[PDB]
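Sharing a structure, written as structure tokens. Questions coming.
First chain written, first letter: the chains are A, B, C, D and E, and each begins at residue 1.
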Amino acid sequence: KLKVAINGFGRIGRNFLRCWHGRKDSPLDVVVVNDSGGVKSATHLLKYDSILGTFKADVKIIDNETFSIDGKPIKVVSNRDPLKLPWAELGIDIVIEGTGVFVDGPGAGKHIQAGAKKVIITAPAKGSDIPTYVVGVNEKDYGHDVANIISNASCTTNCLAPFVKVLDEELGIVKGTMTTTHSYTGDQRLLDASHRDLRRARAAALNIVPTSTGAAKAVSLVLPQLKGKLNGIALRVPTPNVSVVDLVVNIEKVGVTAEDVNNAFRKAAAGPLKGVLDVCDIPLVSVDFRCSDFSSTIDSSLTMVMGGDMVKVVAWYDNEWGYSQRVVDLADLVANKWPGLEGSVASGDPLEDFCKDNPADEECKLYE
Amino acid sequence: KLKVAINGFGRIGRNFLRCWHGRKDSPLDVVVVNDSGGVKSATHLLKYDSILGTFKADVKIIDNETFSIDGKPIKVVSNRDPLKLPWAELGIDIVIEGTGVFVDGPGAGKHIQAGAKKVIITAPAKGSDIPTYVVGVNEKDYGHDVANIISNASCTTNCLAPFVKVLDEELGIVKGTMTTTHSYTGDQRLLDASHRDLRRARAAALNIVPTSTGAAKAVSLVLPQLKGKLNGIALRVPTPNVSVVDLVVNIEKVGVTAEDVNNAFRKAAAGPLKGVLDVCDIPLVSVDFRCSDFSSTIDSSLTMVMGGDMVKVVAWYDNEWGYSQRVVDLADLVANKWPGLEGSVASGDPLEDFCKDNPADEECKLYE
Amino acid sequence: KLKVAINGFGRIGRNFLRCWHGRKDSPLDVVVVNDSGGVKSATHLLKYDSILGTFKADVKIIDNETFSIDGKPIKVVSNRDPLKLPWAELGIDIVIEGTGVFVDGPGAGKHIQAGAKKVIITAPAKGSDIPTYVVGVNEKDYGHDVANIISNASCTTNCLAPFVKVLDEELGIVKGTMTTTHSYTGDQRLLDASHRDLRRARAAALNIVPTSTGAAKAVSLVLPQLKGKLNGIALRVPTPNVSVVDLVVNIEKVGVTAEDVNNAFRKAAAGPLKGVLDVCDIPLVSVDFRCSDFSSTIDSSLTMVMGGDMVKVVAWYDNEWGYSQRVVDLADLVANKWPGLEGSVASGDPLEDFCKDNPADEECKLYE
Amino acid sequence: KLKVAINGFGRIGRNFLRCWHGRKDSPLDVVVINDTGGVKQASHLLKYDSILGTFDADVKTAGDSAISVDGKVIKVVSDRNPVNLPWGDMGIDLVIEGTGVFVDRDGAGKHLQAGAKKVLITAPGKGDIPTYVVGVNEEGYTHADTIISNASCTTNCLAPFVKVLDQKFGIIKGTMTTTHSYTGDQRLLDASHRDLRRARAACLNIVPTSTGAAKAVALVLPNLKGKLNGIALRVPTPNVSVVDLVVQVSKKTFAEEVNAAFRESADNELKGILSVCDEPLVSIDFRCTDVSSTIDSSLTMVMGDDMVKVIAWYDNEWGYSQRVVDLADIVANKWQX
Amino acid sequence: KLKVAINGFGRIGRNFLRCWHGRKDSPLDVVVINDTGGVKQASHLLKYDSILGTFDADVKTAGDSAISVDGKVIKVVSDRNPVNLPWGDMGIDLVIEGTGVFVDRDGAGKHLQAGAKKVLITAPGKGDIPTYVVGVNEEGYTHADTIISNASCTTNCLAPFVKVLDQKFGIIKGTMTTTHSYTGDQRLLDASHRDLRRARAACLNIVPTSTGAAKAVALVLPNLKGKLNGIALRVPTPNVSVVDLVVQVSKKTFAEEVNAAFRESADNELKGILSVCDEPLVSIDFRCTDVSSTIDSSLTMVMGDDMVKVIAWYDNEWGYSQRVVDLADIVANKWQX
């Protein structure tokens, strides 16, 4: 519905589309993606995935720039600049960062300058200005007139968030850390070629990535209670796409079994996060978690306590699905809300809207 | 000298300025503000305070937007939109917030994407990820290239944290409450009118405006060591400009008297909070603290202890002046931590500036 | 100097042999290989390695049976039953268990019965009596000819040894939890096919597996000082030989930094864990610790002090070759104090010391 | 109705299963397997694949030996000895040498002896084997034949079209070679084995060898014998593999002529069997594509119009059992007994 | 003693570097590199390698540009503009790019006028490119000719003996292809690029392609053109790669006859150039191996004494560099100017 596009074109964008496409009831009007490669390169790549393979649809490349999916006619712009991006030229409000380089509101602003209204980030953008977002966790915090330039944190983050939020607030962490099975990712130099660092340079095909991420800190970025108490690097490892994590942490709870947590997870799974995340009990391995509809998928067995405090919690995810699954929902929560606002009718806050418009109202300013 | 910035000419603005201009050798200054004030007014608006009175230097009104501060040529603009802020368009580095409406990094990154690096609000924003900052409290804790835009919480808090961040640290509070005065500020209503709020809507001119504030908790928002350990009351009293906080605290320090803590504060004033916290000796009242560059202003005699455990501590603080004196210096740590201070950091060992320039291809910092 | 077989071609023993041949003056008289494949198959891998590649020198394949490693005549055999191992015939001294199966005492002991003297396996303790044995930690304890049935547990285990002795002894841990980058293990199968259980039942070739491992128990079975206090899970990963563990631990000593522990490591690397423990300080990647010499190696950086008491710390180790060194180490560790003594120089008028041979004497009638 | 059974429930099993299940309208009454693999394990095997992913199909091990695939129970026990393997329990229609170890003629019969009628070895049989497969000998197959085999997926892949190519063009001589995956055929890690190569870990290497495909052509192709042979390369893949072929041929032409020839070949024979295109896509992009093999029509460059390098893909796993499933129903067809 | 500079510190850089140090009595005053790569970063990239492990030596970029290795400093800067590169600062003798973008003649010049004299690039350049490789065209090197490049390893691999084959037996026609390792030519994942395959992820797949080799054969050879051509496969290797070839040769023979020819050819001219063995081996078994490749004579089967499948590894990286050093040496030696 609302004109959607994708700044740049990351792997995510492909599957994201492949989701947005699979995606059934899109209130999102995807019409173009900033793929610096034309209709060809934008049709071929996205058509066949390293995992999802050739898509189950049509990649018709219209006008050497456009491209339709069995009837989803969609342009493909091609420019490494934000300012020459048909957002105003195509009413694009919701957009998608694909470059990963535009962790700046400016670039998004440049998109806003190009007539964008809303963009996401395929990372925790280092502009701290925009509060990140993640479904099942802080998506509810998303309202209107808050960060038109929009942000979300990393899949890694965007995976652990809910339950690590949930389990603590159900159990209570004082601090603790985590790693994961993060994958070999093009952000790393697949073979040993300089990247200002050695890590991503080293041949990911044969090594883990010794490197600190932001997940261990972007955690509290949606859950304040987690302020600083999390650290310790996740691990990018030779996986195609799999991304599974476990975090051990202390406790402030009584030190229940490693069972009545997956219970709480089952609860968290059932109640607040049905479909949002998941939890399993069959001992499964990397690839099986595939196109998983859950930012979080968790075993009950590997959970383990020793003295009440220390609690390792298995978890899995896929960047793509997860990040997609989030943005699968994000723009909707944007769409269903910001376009077609249709605010309330309670005079108690009628002016507060005009204050939400102009907080320097004749009388709105509060607590200085 | 750095291209510092200030959102609008808020009633804190000129204070900052007149104190910044009163300041001897700040490496920091703005050359342009933005508000529909008219410089000639704005000058007068700056020039002859209702409290500090006429400045001791004439700012030439070069024109309706520009001017020269007694030979310091500085501009203003007139707009309410943070987008079209000529910030890079005047090379702006880091901004100060004046409206108070921007509890959001969202409104901030605007200024960033207007061409700024970071921003500060003279207010406790609602951006958790934004840490407020206050001398002797979180300066070294502050790190540049972390949480780009920040703010400072209430001058109250800005005054609060100083002593407590030693008080409990030497004494040790069980859970004590604070109580402060408050001079009528524009957010309130001088002659009873209609803010959505009831409290800050009556004729503050006469009646005490007793109002709550996250201040008694926003302290924890940078002093979690006392998280939840305090909640109090602010008291908006008919004063032109003046404020004082009397916080009682149950102390695990048996019934230690006060003067000793005040001597520790005498120490602390002679210590961490040089120029910030003052411990006084003279019967002194609202004006009798006017324009002191101290934030925390305390009289040991006027302090005392009820039951050894619980002990109250009177602490004075201007609203406007002190804030400035603090925030003006608080701004410095950002220049003291200025990005490379624009000099002598990148002796090609990075090769990363170009990688910062050629953002994607030479995927140096392709974080993922 | 002391007779050394190969009980089935242990790839561990392979490099261990490669170690041994690469060793300087090992009293381990390597003499024969029970590789169920003949001289042909039992030299090809001894001439070309997966992670080492071709050997430096040539293990010439002398007769259809029995060969040399560069003029070092070494026999071969082809059998699977210890009782069918002509080892007394070859005066064999130490069990060189490559079959990786006879974690049992007796079948292993059968080799002693076959004429060996002391058991040695890459075996976690199937039973208990088998002394959980590693250099650096539980090596000096080894009683000369006392309890000949010994071995070493999993790589990870003997990998754990130094720090799991160090950190505690240097800090004092209440509990803790590790997890290591575990290479795929030959015993665990390549693909999704028939398997003991479900876990290794997949193609970790492209997937990944954690699982329980007695290591934590084992190293506690090594060092009771944290018996039943540590846990964690190795992480099967598509690596030929990558093996580097983390460790998260609630410690007792104040939330001191890591460098201290790393200087403690420095001192510990200086200390008895010299050569088997390294303090890693250059940022390096998995393979880089190729053919390494240290059962433990810890990057300066990833050493993390989460909550002071909670502390995260990596540790690197060549799962095989290092272990092989360790394997070479423990043998020499015994080979020195080996039964080359003065052959029972003690004297006792004890008819026990007389009937010790003629135990069948109701005169003495051994206690039993 | 084809009460077929498998022993050694190898990857092809689930493949065949997920085929059989996916191959709706099955006269194949496969209700009986056997493998050292655990009973419920066999499910997880099928229920969780590294290739097809976890099976998108309800799974249940019923009581135990029987396994309710989406409900369709199927017995399976754990054993190796044919005479132990009680095919007589359902008087099995066909045996399938999923074991990979009873390439023998006897054990096959011993399965029949222990309760079956027909045999198709999963692998190129050990000598006295009438090999039958689509394109070449599936027609030449009569149900009268009992102990038969399907040769390697590779073989299963290559045979027909290149044979048809010869039928189309006339091949003086031919040299092919697979880009085969790494498989259970080789040791995972640096283990012992008959051949040094497979004994090597090699999961990051390639195996220079030759499969019976290089010869099973003659085993199946009457004209095409001896003159048409190359080697095999088991190469660093966990998955669907490709294969080269150069052919000294008679017909003076260029690939494009043969391309359409290979195009019409799909339009006549490879329909549902083999495939060919030129959209440059990687092996993965060929996963589970039931057309058992694909050809890059372009890169089949032409040398003097006699020497003819050609490309060839193949779903070593999925299309294989598919073709075996094909012949399975072909055995269900004309099922004289 | 030859002041050669190295733009584009590509894997060959450390390779040749490690070679340069692995080589003894350097005729090469290669005291200078160039790459965007971080000085220390490069040092580690030198000091440590996914292929060879760490560099068993000294690494300490002397100041910034220079790099103290075994006392030997070596310059390097992070620049892309050829004319910016301080070729004049040392008055560079030979251009050595690794960016893989100077297929042109011009950047060479844009390197030359900046103070360089000779020019060779690893890959077969595009245009007026003087093909040069040991055994074949290296002899053509005089000092007048300066702006040259090198053939590909792949190219270099087949190069001499295939001619020697055509020399020894005569080749009617021939078709080759590599098992090439994945390179910078492919973005780790399928990200936009000229060749969709080269774009394709394929870090677990193959690259159906055809390097200039399949033509550079004609380039490096006097007459061996067109008739001799195949394709290229960059395949799932991180390491030394193999290359297939079937030749349609003139002389009638059997394999070892020509493999003996290979054998007798191995010593005299292919000394350190190639090799040939029959121990059943796989990829890794030749890491850092001096010669360009070994031949599996056994698996070099023959069809009708003309069609001859052939086996060939190749140290895509190191032996290339070895050859690159060799070529460099050939240019280093007989240094007329």
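As a working rule, a residue touches a chain if its C-beta (ideal position, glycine included) is under 8 Å from a C-beta of that chain, and two chains touch if they have at least 3 such contacts.
For reference, the UniProt names are A, B, C = Glyceraldehyde-3-phosphate dehydrogenase B, chloroplastic; D, E = Glyceraldehyde-3-phosphate dehydrogenase A, chloroplastic.
Undergrad: Between C-E and C-D, which chain pair is linked by the larger number of C-beta contacts?
TA: When C-D is set beside C-E, the one with more contacts is C-D.
Undergrad: Of the chains shown, whose Cα centre falls closest to the middle of all protein Cα atoms?
TA: When every chain is reduced to its C-alpha mean, the one closest to the whole-protein mean is A.
Undergrad: Can you spot which of B-E, C-D or A-D is a repeat of the C-E interface, where more than half the contact pairs line up?
TA: Checking each pair in B-E, C-D or A-D, only one repeats C-E, namely A-D.
Undergrad: Please tell me the distance, in whole Å, between the geometric centres of chain A and chain D computed from their C-alpha atoms.
TA: Averaging C-alpha atoms per chain gives centres 42 Å apart.
Undergrad: So the centre of each chain is just the mean of its C-alpha atoms; given that, what is the distance between chain A and chain B in Å?
TA: The answer is 34 Å.
Undergrad: Hey, how far is the Cα centre of chain D from the one of chain E, in Å?
TA: 39
Undergrad: So which stretches of chain D touch two or more other chains?
TA: In chain D, the residues touching two or more other chains are 44, 48, 50, 196, 200, 204, 238, 281-282, 284.
Undergrad: Touching at least two other chains at once: which residues of chain C meet that condition?
TA: Residues 44, 48, 50, 197-198, 202-203, 206-207, 240, 283-285, 287-288.
Undergrad: Quick one: which chain pairs are touching?
TA: Final set of chain pairs in contact is A-B, A-C, A-D, A-E, B-E, C-D, C-E, D-E.
Undergrad: In their shared complex, at which residues does chain E touch chain C?
TA: Those in contact with chain C are residues 44, 48, 50, 53-54, 204, 279, 281, 284-285, 287.
Undergrad: Report the residues of chain A in contact with chain B in the complex, numbered from low to high.
TA: It comes out as residues 80, 99-101, 104-106, 108-110, 112, 123, 126-131, 146-149, 154, 182, 185-189, 194-197, 200, 214, 220-221, 224, 227, 236, 348-349, 351-352, 355, 358-368.
Undergrad: Under the stated contact criterion, what part of chain D meets chain E in this complex?
TA: 172-175, 177, 179, 195-197, 200, 202, 204-208, 210, 227, 229-231, 233, 235-239, 242, 244, 246, 248, 280-284, 296, 299, 301, 303-304, 306-307, 309, 311
Undergrad: Which of the residues in chain E end up touching chain A in this complex?
TA: 9-11, 35-38, 41-42, 44-45, 48-50, 182-184, 186-193, 196, 199-201, 203-204, 238
Undergrad: For chain A, which residues count as touching chain D in their complex?
TA: 44, 48, 50-51, 53-54, 206, 282, 284-285, 287-288, 290
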